[PDB]
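Enquirer: Below is a structure I'd like to ask you about.
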Amino acid sequence: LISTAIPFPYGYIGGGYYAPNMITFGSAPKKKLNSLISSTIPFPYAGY
Amino acid sequence: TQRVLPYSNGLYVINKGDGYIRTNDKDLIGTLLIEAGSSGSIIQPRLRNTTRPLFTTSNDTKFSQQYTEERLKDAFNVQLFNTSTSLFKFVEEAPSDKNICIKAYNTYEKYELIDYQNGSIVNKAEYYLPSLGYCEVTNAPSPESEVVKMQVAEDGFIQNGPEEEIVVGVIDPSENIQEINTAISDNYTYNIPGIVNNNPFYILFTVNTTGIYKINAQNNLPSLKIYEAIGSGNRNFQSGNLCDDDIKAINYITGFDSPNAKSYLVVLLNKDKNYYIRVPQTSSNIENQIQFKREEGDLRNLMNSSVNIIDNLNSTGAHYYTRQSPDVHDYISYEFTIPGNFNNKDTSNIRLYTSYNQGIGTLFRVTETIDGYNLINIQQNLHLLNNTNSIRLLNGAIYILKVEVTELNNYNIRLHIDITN
Amino acid sequence: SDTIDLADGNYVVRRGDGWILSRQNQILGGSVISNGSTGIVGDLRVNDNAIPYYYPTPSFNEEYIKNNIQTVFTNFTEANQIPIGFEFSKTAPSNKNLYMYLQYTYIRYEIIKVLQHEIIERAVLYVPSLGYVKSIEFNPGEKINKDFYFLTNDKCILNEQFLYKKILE
Amino acid sequence: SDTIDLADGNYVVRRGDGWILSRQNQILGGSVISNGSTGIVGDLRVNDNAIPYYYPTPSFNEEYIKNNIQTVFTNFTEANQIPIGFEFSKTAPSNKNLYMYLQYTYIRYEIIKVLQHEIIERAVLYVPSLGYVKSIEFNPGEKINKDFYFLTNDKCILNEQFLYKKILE
Amino acid sequence: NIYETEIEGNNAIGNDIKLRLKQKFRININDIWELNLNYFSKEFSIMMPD
Ligand SMILES: [Mg+2]
Ligand SMILES: [Mg+2]
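Chains as they are written, first to last, in PDB author numbering: chain A, 101 to 130, 133 to 150; chain B, 206 to 626; chain C, 20 to 188; chain D, 20 to 188; chain E, 300 to 349.
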């Protein structure tokens with residue numbers, strides 16, 4: 101219980117516990135111009 | 206003129222397709238107007254687990270949400286109902302000539318839990334599991350066109366995905382399951398415990414050597430049904446023992462729902478698979494046993510089917526027997542004795558046919574030898590649907606008719622044995 | 020005009036998607052790209068930027084509008100708690116400058132009281148849906164039309180709808 | 020499978036990557052795209068979706084399997100805390116609808132017991148590696164093959180492996 | 300409530316934080332208040348001033 105009773109962490113820097121901000125990464129070169139074809143990740147992912 | 210559903214009595218889970226959306230834009234994520242040469246993406250980043258499933262039912266007390274979720278988990282092993290982490294993203298690039306609009310919809314996958322009992326559905330529930338969206342692109346409408354006033358549509362669902370209907374039977378959770386902890390090699394007698402106390406239940410077992418087996422309760426009473434655990438024996442395996450995978454998804458092999466049935470099962474069993482045996486509510490306190498026998502002789506010619514033992518064939522005239530019809534390319538067998546004293550010489554003119562379902566029949570002359578039964582193929586390619594042809598058979602002799610259903614036109618098959626002379 | 024071919028009573032109306040509000044065009048900023056570069060802009064609709072805007076009337080207060088709209092149409096109070104992201108991508112031609120600015124789009128809902136085939140009272144709800152960008156090719160010092168930057172009255176970039184259902188007493 | 024050419028004892032076996040489980044195909048969900056759009060479906064292997072599935076035997080409990088596999092093969096307890104993403108993108112043809120569904124792939128590990136060159140006991144661990152999607156272009160009302168949707172038994176979409184190491188006492 | 304409504308439905312957190320919070324809130328406050336040394340004196344059979 102002591103090992104699992106971590107103190108409550110503070111939320112994101114801007115204030116809040118709800119959700120990250122997301123960000124886009126990657127591209128497929130081309133005919134098509136795959137510029138919006140990419141990966142999406144939560145931006146902080148650990149902001150607490 | 207509905208289609209006939211040849212399902213045995215039990216609980217079934219039906220995946221009825223993907224891409225279902227509610228009417229009146231209830232599942233509309235949004236619309237992007239992409240200019241000429243531009244690109245537009247709508248993203249589900251799954252920053253929150255929350256997904257919202259839908260559920261309607263005909264009977265709440267038995268087919269509740271918890272019950273339906275547990276049955277879905279039994280059939281397709283789904284375990285995320287209120288959450289999901291799966292990302293989806295719709296990207297569309299408008300051509301250089303005109304603009305484009307993209308609409309994104311949250312989709313659902315339609316599962317239907319049914320209680321099928323003797324040819325009709327007595328309880329039906331619909332569970333809509335949140336799917337991964339639907340994207341439609343349209344030409345950018347001319348801004349005026351005409352704004353036409355329209356009434357809303359009724360609450361319902363529209364499937365934009367491909368046609369799908371996958372049926373999986375599920376173990377009834379209210380019926381007990383006994384375990385044969387040891388594999389069955391060649392012969393086995395399983396004494397029905399007094400614990401279950403003449404209530405319908407399942408017997409989970411495995412086989413030592415792959416082959417055909419004859420399974421029957423005593424005096425062939427009551428009738429049994431045999432299921433195969435779908436996907437069993439894939440992962441964990443102990444040779445000569447049972448590895449209970451807790452697989453509730455079952456595949457109906459054969460068996461009659463009527464417990465007042467004289468019938469015995471001939472079924473091909475694999476050593477690397479788990480099998481359930483559902484035996485129904487018996488009305489008697491008398492001790493009953495399940496007999497497994499590895500068939501090496503001519504009972505192997507009867508796979509896979511439940512063979513009907515016919516006893517009321519004692520007079521000359523019209524006799525018809527109504528049983529639950531097996532599916533197309535499935536088998537049902539009838540073991541019957543021609544009335545009269547057997548003196549090798551007396552013969553009676555037999556006419557065999559069916560009422561509504563067409564099938565190919567094969568007749569075997571059964572002579573009980575010292576090594577078991579012996580079947581002599583004496584009649585093949587028997588088109589039984591309204592068959593007018595007749596064959597003379599010896600009085601007092603035993604015969605077995607195997608019927609393979611070719612056309613499925615009625616939930617029941619009526620085998621007519623008309624006897625003259 | 021304000022005359023409609025409906026029987027007397029109260030009605031819930033969905034006017035469609037793609038509604039941008041007045042004076043709220045450049046509230047989010049814009050990008051300046053040039054000479055073959057590709058500019059991409061994106062946003063995430065969560066909570067404080069997903070605030071719905073109510074414009075009630077004496078008969079139709081906030082609770083009335085919210086309950087009716089969510090009963091008949093998309094349930095926005097729970098939908099706006101789920102983050103939805105979106106992106107746009109423009110490519111400027113060679114040796115030219117392009118400016119693109121992004122603004123929020125909204126769903127327009129209306130609660131209308133109809134008497135004698137004429138609307139005598141109407142309340143308006145805006146539910147945040149997504150965004151929309153406008154782009155222009157420009158040169159240094161070139162005068163730009165006031166219409167590109169500033170929107171005087173709320174309009175729909177898409178086809179306006181009228182999806183109505185009578186409110187039951 | 021039976022009677023291998025191995026000495027008696029216990030073995031840890033790697034069966035390769037790309038194992039999809041039975042009846043688990045469409046439990047993750049599907050996407051329907053149409054008319055020139057591009058659909059991207061993907062996931063992030065973190066936390067609960069990275070938890071492996073165990074199938075033990077009387078001789079090989081959970082701890083035996085985990086410790087032996089991690090001693091020989093990739094340590095999946097440490098590696099599943101680091102998020103790893105994957106995605107699949109498919110483009111719909113013009114004037115047609117395409118369906119795509121996703122299912123996880125698993126690394127299949129086995130703990131086997133060989134007695135007189137014949138496998139008498141086998142326990143199986145599935146470690147969630149990555150995903151795999153299947154797509155088909157469909158017409159309204161068209162019948163779809165039962166193999167595209169449903170899977171009867173656990174199978175490997177790639178070439179199966181058999182990498183064995185004898186577990187020492 | 301902060302955990303149950305916000306931290307739980309947030310898959311941009313490692314399990315090392317939210318699982319520990321899950322186990323932390325499995326306990327009630329009255330459990331902490333009722334916890335004392337007599338319980339461990341009985342469990343360990345340890346003599347102490349009373
Ligand atoms: Mg009967
Ligand atoms: Mg390592």
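Beta carbons are placed, not taken as given, at the ideal position from N, Cα and C, and that holds for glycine.
(1) Which same chain residues, not among the five before or five after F125(A), have their C-beta less than 7 Å away from its C-beta?
(2) Buried or exposed, going by whether 16 or more other CB atoms sit within 10 Å of the CB of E240(B)?
(3) Identify the contact partners of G308(E) in chain B, using a Cβ-Cβ distance below 7 Å as the criterion.
(4) Under the three-state reduction of DSSP, which class applies to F95(C): helix, strand or coil?
(5) Let me see if you follow: with CB-CB separation under 8 Å, is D302(B) close to chain C or not?
(6) Report the neighbours of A119(A) on chain E: residues whose CB is nearer than 7 Å to its CB, in chain order.
(7) Check whether chain C comes within 8 Å of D230(B), counting only Cβ atoms and requiring the distance to be less than that.
(8) Using a cut-off of 9 Å between C-beta atoms, extract the partners of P335(B) located in chain D.
(9) Taking Cβ-Cβ distances shorter than 7 Å, what residues in chain A pair up with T57(C)?
(10) Are any of the Cβ atoms in chain D nearer than 8 Å to that of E341(B)?
(11) Heavy atom of ligand 1 less than 7 Å from the Cβ of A142(D), yes or no?
(12) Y150(A) CB to nearest chain E CB: under 8 Å?
(13) Give a yes or no on whether 8 Å exceeds the smallest Cβ distance from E106(D) to chain A.
(14) Using a Cβ-Cβ distance under 8 Å, would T142(A) count as near chain C?
(15) Identify which residue in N554(B), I537(B), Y539(B) has its Cα closest to the Cα of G545(B).
(16) Let me check understanding here. Comparing Cα to Cα, which of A358(B), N264(B), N615(B) lies closest to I319(B)?
(17) Would you call the stretch 109-129 of chain C in contact with the stretch 154-161 of chain C, where contact means no fewer than 3 C-beta pairs closer than 8 Å?
(18) For the 8 Å Cβ check, are there 3 or more pairs between the stretch 226-234 of chain B and the stretch 91-105 of chain D?
(19) Does the distance from the CB of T273(B) to the CB of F281(B) come in under 8 Å?
(20) Would you decide whether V373(B) is buried or exposed? Buried here means 16 or more other CB atoms lie within 10 Å of its CB.
(21) Measuring straight from C-alpha to C-alpha, what distance separates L252(B) and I103(D)?
(22) So which residues on chain B does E179(C) lean against when the C-beta distance must stay under 8 Å?
(23) In the DSSP assignment, find the alpha helix (DSSP H) that holds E275(B) and state where it starts and stops.
(24) What are the residues in the stretch 77-103 of chain C lying within 8 Å of chain B by C-beta distance?
(25) Strictly under 8 Å for the Cβ-Cβ distance: is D36(D) near chain B by that measure?
(26) Using 8 Å as the cut-off, can you tell me whether the stretch 114-127 of chain C makes contact with the stretch 37-48 of chain C, which would need three or more C-beta pairs spanning the two stretches below that distance?
(27) Which residues, in order along the stretch 322-348 of chain E, keep a beta-carbon less than 8 Å from a beta-carbon of chain A?
(28) Should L557(B) be labelled buried (16 or more other beta-carbon atoms within 10 Å of its own) or exposed?
(29) If we define contact as Cβ-Cβ less than 8 Å, is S530(B) a contact residue for chain F?
(30) Quick check: is the beta carbon of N314(E) nearer than 8 Å to any beta carbon in chain D?
(31) Can you name, in chain order, every residue of its own chain whose Cβ lies under 7 Å from the Cβ of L337(B), other than the five neighbours on each side?
(32) Beta-carbon within less than 6 Å of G361(B)'s beta-carbon, same chain only, minus the 5 sequence neighbours each way: which residues are those?
(33) Would you mind giving the Cβ-Cβ distance between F105(C) and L237(B), rounded to the nearest angstrom? I have them listed as a contact below 8 Å.
(34) So, does the CB of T611(B) fall closer than 8 Å to a CB anywhere in chain C?
(35) Which bits of chain A does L259(B) rub up against, with CB to CB less than 9 Å?
(36) Count the other CB atoms, across all protein chains shown, that sit within 10 Å of the CB of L580(B); report buried if there are 16 or more and exposed otherwise.
Expert: Taking the coordinates as given:
(1) If you number the first sequence from 1, residue 125(A) lands on position 25. Within the same chain, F125(A) has close Cβ partners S140, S141, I143.
(2) The sequence position of residue 240(B) within the second sequence is 35, counting from 1. By the neighbour-count rule (16 or more Cβ atoms within 10 Å), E240(B) is buried.
(3) Here the question's residue 308(E) lines up with position 9 in the fifth sequence. Under the 7 Å cutoff, chain B gives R253, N254, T255.
(4) Working through the third sequence from its first residue, we reach residue 95(C) at position 76. Looking at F95(C) - three-state DSSP - the assignment turns out to be helix.
(5) Reading the second sequence from its first residue, position 97 is the one you call residue 302(B). Answer no: the Cβ-Cβ gap between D302(B) and chain C never drops below 8 Å.
(6) Numbered from its first residue, the first sequence carries residue 119(A) at position 19. Here the neighbours are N309.
(7) Numbered from its first residue, the second sequence carries residue 230(B) at position 25. Closer than 8 Å: yes.
(8) Within the second sequence, the letter at position 130 stands for residue 335(B). Residues of chain D passing the Cβ test: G48.
(9) By 1-based counting over the third sequence, the position of residue 57(C) is 38. Those are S137, listed as they occur along chain A.
(10) Translated into the one-based positions of the second sequence, residue 341(B) becomes position 136. Yes, contact with chain D.
(11) As a working mapping, residue 142(D) is identified with position 123 in the fourth sequence. No, ligand 1 has no heavy atom inside 7 Å of this Cβ.
(12) Taking the first sequence and counting its residues from 1, one reaches residue 150(A) at position 48. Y150(A) counts as touching chain E.
(13) In the fourth sequence, residue 106(D) corresponds to position 87, counting from 1. So yes, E106(D) belongs to the interface.
(14) Position 40 of the first sequence holds residue 142(A). Chain C contact via Cβ: present.
(15) Within the second sequence, the letter at position 340 stands for residue 545(B). Considering only alpha carbons, the answer is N554(B).
(16) Translated into positions along the second sequence, residue 319(B) becomes position 114. Nearest C-alpha to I319(B): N264(B).
(17) yes
(18) no
(19) On the second sequence, position 68 is the one that residue 273(B) refers to. On the second sequence, position 76 is the one that residue 281(B) refers to. Not in contact: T273(B) and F281(B) (Cβ atoms no closer than 8 Å).
(20) Here the question's residue 373(B) lines up with position 168 in the second sequence. Counting Cβ neighbours within 10 Å, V373(B) comes out buried, since at least 16 surround it.
(21) As a first step, residue 252(B) is located in the second sequence; it is residue number 47 there, counting from the start. As a first step, residue 103(D) is located in the fourth sequence; it is residue number 84 there, counting from the start. Going by the C-alpha atoms only, they are around 16 Å apart.
(22) Here residue 179(C) is taken as the residue at index 160 of the third sequence, counted from 1. Going along chain B in sequence order, the residues near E179(C) (Cβ under 8 Å) are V352.
(23) As a first step, residue 275(B) must be located in the second sequence, where it is residue number 70. That run of the alpha helix (DSSP H) goes 270-280.
(24) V91, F92, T93, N94, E97, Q100, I101, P102, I103
(25) Against the fourth sequence, residue 36(D) aligns to sequence position 17. Cβ-Cβ to chain B under 8 Å: no for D36(D).
(26) yes
(27) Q322, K323, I326
(28) On the second sequence, residue 557(B) is found 352 positions in, with the first residue counted as 1. It is buried - the Cβ of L557(B) has at least 16 other Cβ atoms within 10 Å.
(29) In the displayed structure, chain F is absent; the protein chains listed are A, B, C, D and E.
(30) Residue numbering aside, residue 314(E) sits at position 15 when the fifth sequence is read from its first letter. So, interface residue.
(31) Residue mapping note: residue 337(B) aligns to position 132 of the second sequence, counting from 1. If we look at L337(B) and ignore the five residues flanking it on each side, its Cβ neighbours are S291, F293, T312.
(32) Stepping through the second sequence from its first residue, residue 361(B) is reached at position 156. Here the set comprises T228.
(33) Here the question's residue 105(C) lines up with position 86 in the third sequence. Here the question's residue 237(B) lines up with position 32 in the second sequence. Contact flag correct, Cβ pair sits at about 6 Å.
(34) Stepping through the second sequence from its first residue, residue 611(B) is reached at position 406. Answer no: the Cβ-Cβ gap between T611(B) and chain C never drops below 8 Å.
(35) Position 54 of the second sequence, counted from the first residue, corresponds to residue 259(B). Under the 9 Å cutoff, chain A gives no residues; its nearest Cβ is about 24 Å from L259(B).
(36) Locating residue 580(B) in the second sequence gives position 375, counting from the first residue. It is buried - the Cβ of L580(B) has at least 16 other Cβ atoms within 10 Å.
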